[PDB]
Amino acid sequence: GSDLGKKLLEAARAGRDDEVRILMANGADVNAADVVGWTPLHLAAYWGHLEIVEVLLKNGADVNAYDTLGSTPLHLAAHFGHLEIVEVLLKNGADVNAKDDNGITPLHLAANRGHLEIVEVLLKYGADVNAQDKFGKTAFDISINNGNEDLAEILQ
Amino acid sequence: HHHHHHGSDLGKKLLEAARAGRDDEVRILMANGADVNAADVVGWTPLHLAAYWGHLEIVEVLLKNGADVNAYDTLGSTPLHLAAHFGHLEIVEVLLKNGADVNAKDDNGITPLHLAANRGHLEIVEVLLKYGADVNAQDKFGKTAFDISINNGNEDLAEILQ
Amino acid sequence: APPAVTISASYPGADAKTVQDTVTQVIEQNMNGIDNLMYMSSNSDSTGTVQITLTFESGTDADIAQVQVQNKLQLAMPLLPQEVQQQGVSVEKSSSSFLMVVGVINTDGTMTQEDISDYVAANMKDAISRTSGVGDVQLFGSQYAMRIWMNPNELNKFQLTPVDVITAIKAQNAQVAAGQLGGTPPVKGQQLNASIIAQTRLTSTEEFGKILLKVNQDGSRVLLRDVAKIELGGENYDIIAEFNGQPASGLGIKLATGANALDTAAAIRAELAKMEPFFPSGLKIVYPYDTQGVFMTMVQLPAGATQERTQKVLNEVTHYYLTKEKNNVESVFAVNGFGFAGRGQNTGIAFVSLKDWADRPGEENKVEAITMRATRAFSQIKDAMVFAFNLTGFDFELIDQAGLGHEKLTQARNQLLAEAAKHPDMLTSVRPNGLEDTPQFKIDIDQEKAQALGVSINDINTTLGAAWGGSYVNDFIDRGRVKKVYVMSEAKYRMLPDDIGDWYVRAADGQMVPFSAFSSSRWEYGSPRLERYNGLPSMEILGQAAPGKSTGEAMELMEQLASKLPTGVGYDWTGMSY
Amino acid sequence: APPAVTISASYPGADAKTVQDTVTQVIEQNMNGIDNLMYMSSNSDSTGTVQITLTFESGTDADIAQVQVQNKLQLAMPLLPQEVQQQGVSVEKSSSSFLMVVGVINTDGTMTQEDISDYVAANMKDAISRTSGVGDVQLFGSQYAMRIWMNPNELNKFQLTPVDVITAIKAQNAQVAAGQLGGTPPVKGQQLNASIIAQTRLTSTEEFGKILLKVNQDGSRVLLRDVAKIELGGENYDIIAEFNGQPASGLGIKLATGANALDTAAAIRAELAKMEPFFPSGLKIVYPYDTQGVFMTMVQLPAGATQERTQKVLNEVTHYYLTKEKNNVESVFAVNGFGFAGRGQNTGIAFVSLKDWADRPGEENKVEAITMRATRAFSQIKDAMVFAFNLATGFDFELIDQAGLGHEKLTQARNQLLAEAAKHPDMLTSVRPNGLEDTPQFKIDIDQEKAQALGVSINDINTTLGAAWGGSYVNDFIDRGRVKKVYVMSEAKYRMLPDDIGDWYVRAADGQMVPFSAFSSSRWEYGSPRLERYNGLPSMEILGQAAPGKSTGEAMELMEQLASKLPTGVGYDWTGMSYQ
């Protein structure tokens, strides 16, 4: 596709908000994907760069882009405790029950790292509380296994 | 027969003196009222100690002053167990002369004959039989002194036992 | 001074005889071909520890001696138990005395003695140890390990043993080499190269707690936290320290043979100044013993004395310096469990620091008079040698020359001590430097009964040892630092003889078998510290010339007395008497 | 002479090739990046021994050479077989020859050769070995081990194998760390603190004999003494010494590189003086070789020769000095199974000590005249290189395989060079190999398909074979307070003939006993009992002399022309006297 594709992946990767605007403006493919299938929105979501997430979404970035293992930007934001990104992704239409190749959902991941504020927002937006991964496990099983009583309360 | 461990000043001294073979000091402490059955933390009385470490005269002094010939340590073992186990003939005689329970069993069902037998102490084995030792007493594993003689390959002992 | 090279090694849960016969003898037998060795001495202790001291002729290059030693030890390492090898054997070339002590307290009481010791172990000790001139560093405390405190009732409920716990920790706290995607040599046209990451070391009690021991036949899960309490705690619990009565830890530092005291102390201070800014709040360095304005106090209780009775004596020592001597004494740093020469429940040391010389005017407030008064004040403490000393009669080794054994060498020692007590005009204070035998719990495993039940001896001995002695399983990463993981019974299931009967082992047919079905036990005596001298069993005797009598006359009488000892007992002079 | 660091290792029951390929090569490959190294040589023997000699430039600091050798050795150590590591690999910086021999005998004859060798190993050797200036100490004999001599009929009768014996010994001769009652951290208030003592090392044949191998279904017991004889005996039985025909042991002592000979000898005597008052009755030190006054006699039979045939030649040598030279010779200390090239069944040495200078008047009674006559008298002993000498025109040649030709081709090449050197007596005298010839060996092939089919494992097959016919160091025990080894091996009469292979049984997965003959085949073949290597390549040392009046320079030069015509891949180098 584009040389600016790769520059945008790199700039989103490294949190360079200004370099990201300038590249958006010059036609850089907003859904350019690297070798593992990560888009700028994936990278910005994983590394916690909120402004870049926002700029990209406004420029039409595919909110539900999936990587080669089926994981979406919301999987990454939920897993790495980035609350304000989780909220924006879900507001711009992120699929709250997206499953990866393993059947893992953003809820499973937030639950596993005990990100409680994130777990609440996911349930706010309709996250399926009884979704099973390929092993039969729910967010509730994950709370029991990790002995995280606060998270057990929240999932009843 | 399980005497309790009092941190008693004269009890300690006696326990230690009986242990080191200090004949004179044992006599002094006895004259000064020391508990003849003072026990240490494992339930050993000065008689246990004298019997273990082979101090014949102390054993006689302790007995003369009322020591419990059948004191039990915390695992059920008596001064006769110790003396028989460790080959102290003259002590074994002296203890049995003074009413030692020749068939006393420890917590494991082990008798003085078992110990004497196990370590091949043949003269002690005869003395214990002489004093009533049940030659067929079995420990917790079903074993007699004869079983011991076969396992150890001690033909001399098997013969004494017949 | 003759240079000394020291080897130290450890076997957790081993008694003196085990240490001596699987470690000490083996190293000793292989210290051949080393230049200028004058003599060799060792202790094998019931703390699971051995110290071998090799002393070289005066003028020997300490560098070369250390190297030659380390090289022989390396060639013997494969003959040692895996449990000892895996602790790390150290070889040092240093003074036996301390150059200085670095104390560490928490001024805001935010951190316990145990937290502080770990902070020191984990953040300060290694850089201090790498400083040039630093010969030996003793932590007055222990680094944390992950401690798995096993409950035998809960293990037996789920038909498990410590073997199953250990197996599961090695499998689930693992660091796995998993290769790569697009790894070399690759196929033509490969676009992606990435490391594969599988299992990594666990980092938290939470993680160890969810180790999966087993899935029951109804599908429920038995996690490690269901049979154990999981906590950070010391690799050992033997050494506890206080600074003016407050919780402390610290580093006792010894000068490398030939190093410059003053430059080494300065480099140590420079290194601590790099660390101070990153301490957690409260944490503070104090300087309780900088070597004339300082002295030590030794506390030796008889073997068999416990941590609490040593503590009681240390409290009396500390109290005296903080009440009676408060106009002269600035501080006391007291260590329970360490005693200058040796490490044990029955020993302690206090490091005393005086106020400025200028503010202690008068002969009676100088070191000599103070130590002398303190020794007098402590001379009437019951069943404890307590003495205060700044930092010569004779040093004698009775030697087992003919395989006589411990018991006979003890009788022979006692005969010589009794004979020397009958010459009070020639000899004074002729005494053992070591420890007396004490009660020990002899347990016999019945091999016939184990085989009849289908219980494996290795499961029995691993069960006994791991529970009652502790077992170092493998490593984990605590806040980025590699540290150890230990399994051991929780305290309350390993205190008394009846507790033996509550440990169960699983037979080949799945049945749980209590330890009482295949064991029997009795009290006996044995040694908490076995000594050797030039490779043979030994017993060190100290003493002095009586007043008005020469060292050489006293020695001559010791030799006379020694010539009448039972057959196979020899002797030799060492130390000050060589 | 140039300084030499020596690496020595041992692999019990190993043949020369096995030693070479699992030990010697792995070490050798790391011996580079060592300062002032001139050359390296090695022997790998069918006694299960390897010795590598690294020879340094004159004036090299021996402390540093040893350090640097050992640091390269450490790279090979974890790649070595565990059976080698466990024997204790050694690195030494000694002279190659003896400074003195310390002999030990029993004037009351109440102790055998075996007893004496054990007494010396257990009470005397280590302290000598630790003495400064002592580079190497050689025991003429062997320390006692606990020997379990297995009987294959009795093992098969109870469905047991050596694997089971070895397993039981490891389980029941054990030293267990069992912790403490009331140890730290305690329940606060705890008063009782006591070490737990569980199993401890066995100390006696009686205790080994009662090891419990199994309980039958009927409840009867199979004990280790029901399948083996149990006694104290040598770790090995290869070295046997006599002093004036009397049972003896001793220490052969070599001087550490650069150490003072007088000083060192004196400290050895000082240390012996500490031991003497504690000897058992009858035991005594004798001094059969102080370094004119003395000389040695080397005895070398061809490979294949047993202890018996070597003893015979040694008796002829000893007989000579005690009959014919009895007015000159005070003592002969004769050692069967150890010689100049170290150890082997076909080698021996006599150390001869003469009476006082002044009780031997006349030039024919001096060392040179004596050794000459002895060498003369021994020259007609057949199948034996026997000579007497007291410690030059020669050359030291190495034939080297430089192309992977293998041992058989290198022999062929050697023979070609030796035959052509035989046609030049004008320039070359006594051109001979320094090494040993190939001998018959019994080659046994495990059939993997049969083993797998019967469900017998290969580790079980190999242990059974190795332990029975070679012996196996199981673990340690305590003999009269001293750590010592425990060995299992077949009793002799079950490991003497090819048909004995078939009386050893291995147990399959299904419980069936399977004789060795069911999964194996065998044949005779030839191989080397001593493989040599020079600078890390397979080699064959050839020795010889400049012919009368001709220079070493001219004889070396001829050997090069002859060598130049040898097959492709074969090269040469000069070592020792010929190097410079």
Side-chain angles (χ1 to χ4, degrees), chain A residues 1-3 5-6 9-10 13 32-39 42-43 46-47 65-71 75-76 79-81 100-102 104 108-116 119 132-155, chain C residues 146-149 151 154 158 165 168-169 171-173 178-184 186-232 476-477 479:
Chain A
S2 42
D3 159 84
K6 294 159 182 187
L9 286 163
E10 285 155 359
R13 149 66 174 132
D34 74 5
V35 66
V36 293
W38 277 32
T39 56
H42 282 91
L43 289 154
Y46 181 96
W47 295 105
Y66 52 77
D67 66 12
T68 65
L69 299 170
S71 174
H75 279 100
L76 302 180
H79 201 195
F80 292 80
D100 74 6
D101 296 358
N102 313 301
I104 288 162
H108 290 126
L109 302 179
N112 209 40
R113 292 261 182 281
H115 296 310
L116 310 165
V119 171
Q132 297 180 351
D133 66 15
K134 67 183 283 177
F135 303 116
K137 308 302 175 142
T138 66
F140 177 59
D141 299 319
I142 292 174
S143 71
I144 295 308
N145 207 47
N146 298 346
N148 179 335
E149 297 185 71
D150 288 343
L151 180 54
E153 234 170 42
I154 294 166
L155 312 162
Chain C
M146 178 58 55
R147 304 299 311 210
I148 313 301
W149 294 119
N151 180 317
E154 290 163 347
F158 303 110
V165 173
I169 287 167
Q172 291 177 57
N173 169 45
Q180 313 183 9
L181 312 167
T184 64
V187 308
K188 200 93 191 316
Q190 186 63 19
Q191 295 293 310
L192 178 49
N193 176 222
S195 306
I196 302 175
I197 307 298
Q199 277 167 273
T200 44
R201 297 303 196 190
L202 315 180
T203 70
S204 70
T205 53
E206 290 75 23
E207 288 175 335
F208 276 92
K210 59 170 168 161
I211 283 179
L212 172 68
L213 298 184
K214 82 160 191 182
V215 196
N216 293 308
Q217 191 55 22
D218 77 336
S220 54
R221 285 177 291 284
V222 185
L223 310 183
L224 180 55
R225 67 183 181 231
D226 300 320
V227 307
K229 283 179 185 159
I230 296 154
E231 94 192 334
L232 291 174
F476 84 116
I477 310 294
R479 292 109 91 202

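So that the names make sense, note that chain A is the first sequence line, chain B the second, and so on, each numbered from 1. Values below: all heavy atoms of this structure, side chains included; hydrogens, waters and symmetry mates excluded.
- For A/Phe80, the CZ atom sits in a packed shell: over 12 heavy atoms of surrounding residues, nucleotides or ligands are nearer than 6.0 Å.
- Using a 4.5 Å heavy-atom cutoff, the side chains of C/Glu206 and A/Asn146 are not in contact.
- More than 12 non-hydrogen atoms from other residues, nucleotides or ligands lie less than 6.0 angstrom from CZ of C/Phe476.
- Separating the CD1 atom in A/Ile144 from the CZ atom in C/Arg221 is a distance of 9.0 Å, to the nearest 0.5 Å.
- Contacts of C/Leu192 with chain A are made by both backbone and side-chain atoms, with heavy-atom separations under 4.5 Å.
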